[PDB]
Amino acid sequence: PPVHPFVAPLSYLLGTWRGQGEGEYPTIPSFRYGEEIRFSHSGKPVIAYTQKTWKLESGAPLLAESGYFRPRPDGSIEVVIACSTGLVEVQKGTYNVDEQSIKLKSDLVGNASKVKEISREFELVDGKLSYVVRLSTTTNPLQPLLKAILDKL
C-alpha cells in the first residue's frame, strides 16, 4: 500500500526504532531499560504504534504498548494508546515538521489508579528518536518521568 497524504509528513517516523531509556521519579531511583518502538501504516490517515520494554541484563520483557497516531494538515494530532499496565490514553496535541516532533498531553486517562495527566513527546534529534514521558499523580506535579533514546533499524 502507499502513503496516504495525512501520514506522509511523518514518514521519517516510519520503521523500527531501538535503544534504551532511563526512568526516575521523586518517588523512585534511576532505573534503565531497553526499548523498541515501531511506527507503521496501511494507506490510512493513521499510524500504528507498538512498543515494548525489557530488563537490560536478562533482558526479560517489562512493559508494552500498542497505539494509533492520527495526524492532520493543520499540524494537530490525535493519539490513542493502550498499555499492558492497564491504562488507555487518548492524547491530543501537535506535530511540527521542521523540528520533526509530535507533542501530546493526555486528555483521558482511563482506568487510572493514581495517574492524572501524562504527556508524551516524540522528537527526531540528531537522527535518533528522543522519546519522553512526563507524569502527574494524585500527589506529584507534571514532571520528567522517563526519557528514552532510539536508533533506526
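When you see a residue number, it is the position in the sequence shown, counting from 1.
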Given 15 to 23 and 135 to 143, the range whose Cα B-factors average higher in the PDB entry: 135 to 143
Give the stretch, out of 117 to 125 and 83 to 91, with the larger mean C-alpha temperature factor in the deposited entry. 117 to 125
Would you mind checking where the Cα B-factor of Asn96 ranks among the modelled residues of its chain, as the lowest, middle or highest third? lowest
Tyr49 by Cα B-factor - lowest, middle or highest third of the modelled chain: lowest
Where does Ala64 sit by CA temperature factor within its chain: lowest, middle or highest third? middle
Third of the chain's Cα B-factor distribution that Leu56 belongs to, per the entry: highest
Pull the Cα B-factor of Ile28 out of the PDB entry and bin it into the chain's lowest, middle or highest third. middle
